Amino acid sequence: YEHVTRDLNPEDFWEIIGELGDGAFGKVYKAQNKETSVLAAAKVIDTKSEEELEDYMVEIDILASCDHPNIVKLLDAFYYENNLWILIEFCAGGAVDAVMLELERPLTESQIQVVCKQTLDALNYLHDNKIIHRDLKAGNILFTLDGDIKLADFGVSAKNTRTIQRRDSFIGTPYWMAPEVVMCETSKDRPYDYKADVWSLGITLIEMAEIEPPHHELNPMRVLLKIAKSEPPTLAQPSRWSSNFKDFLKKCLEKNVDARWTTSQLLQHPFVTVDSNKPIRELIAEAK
């Protein structure tokens, strides 16, 4: 497609150094550019056929089209011998959840503020560009060498740009057009669906405060039921946390979607009014 190379062996450009992880789409490798020495994470996805490339295209497009400091960039993509290779800028610190498990402790509040502030900048850019992440969690927030973060894994993300471009496309005099379509107040443009990411942000903040997300102790079969039945989760040990942390969470973890804050609103909250990554430089230094 637009961004996927054909007929070339990815391993004539990128050398596998080792393994970074392993998941449902296969193993993820640490790769090194044979010419430039630039590092990458290399997803290698077994495709049974060419039709399956369409399943992975929205993700590639999002990665190729985004240009933000807190979103990982696409370095290359190849289709070769029935595998889709996706090469993504390398984040040397790994995922936030992996750090917590290595150190066997949650992040401190000042650390959470930095991750939250930068993660929010990424989300706000996504939403501004009609992208819903849809799988925000600590496993998909990666640390850089320099103590910053980058949001990754757009594997189930939605990009409403072509939908919106087709939505506004009309010819002739539209006498029959609904006023909400006239006013650009269709679901594609309203905040409603994007706010699903704002809830996931709240859960991820509790996950960073407590190592594991709410309801981790339940039978997995019960978790969706629990989310539906229960009031929104709160920090297990609230005395440990500032009023600003607890207030921010309440703006995210709000079941009335209309009342839940947008990323735009959240950027003005004092919990994210920070501008030094030092608490994270301290963390990742200890993990090194």
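Numbering starts at 1 and follows the sequence shown. Between two forms, the rigid core is the largest collection of C-alphas that superpose within 1.5 Å.
> Of the stretches 14 to 22 and 268 to 276, which sits farther from where it is here in 5 other deposited structures of this protein, on average over its Cα atoms, after fitting the core?
Farther from the shown form on average in 5 other deposited structures of this protein: 14 to 22.
> Which of 2 to 10 and 279 to 287 lies farther, on average, from the shown form in 5 other deposited structures of this protein once the rigid core is superposed (C-alpha RMS)?
Of 2 to 10 and 279 to 287, the stretch deviating more in 5 other deposited structures of this protein is 2 to 10.
> Among other entries of this protein with both neighbours modelled, does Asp168 go without coordinates in a third or more of them?
Missing in at least a third of the others, so yes.
> Output the stretch having the higher mean C-alpha B factor in the entry; the candidates are 162 to 170 and 196 to 204.
Taking the mean B-factor of the alpha carbons in each, 162 to 170 is higher.
> Read off the CA B-factors in the entry, average them over 49 to 57 and over 32 to 40, and name the higher stretch.
Per the PDB entry, the higher value belongs to 49 to 57.
> Split into thirds by Cα B-factor across the chain's modelled residues, where does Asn256 land: lowest, middle or highest?
For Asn256, whose C-alpha B-factor we compare with every modelled residue in the chain, the answer is the highest third.
> According to the PDB entry, is the CA B factor of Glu11 in the bottom, middle or top third of its chain, that is, lowest, middle or highest?
Tercile = lowest for this residue's CA B-factor.
> Splitting the chain's C-alpha B-factors into thirds, which one does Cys184 fall into?
Its C-alpha B-factor, which the entry lists for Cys184, ranks in the highest third among residues of this chain.
> Thinking about Cα B factors across the chain, which third does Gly93 belong to?
Within its chain, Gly93 is a middle-third residue by C-alpha B-factor, going by the deposited values.
> Based on the deposited C-alpha B factors for this chain, I'd like to know if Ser110 is in the lowest, middle or highest third.
Lowest third, going by the recorded CA B-factors of the chain.
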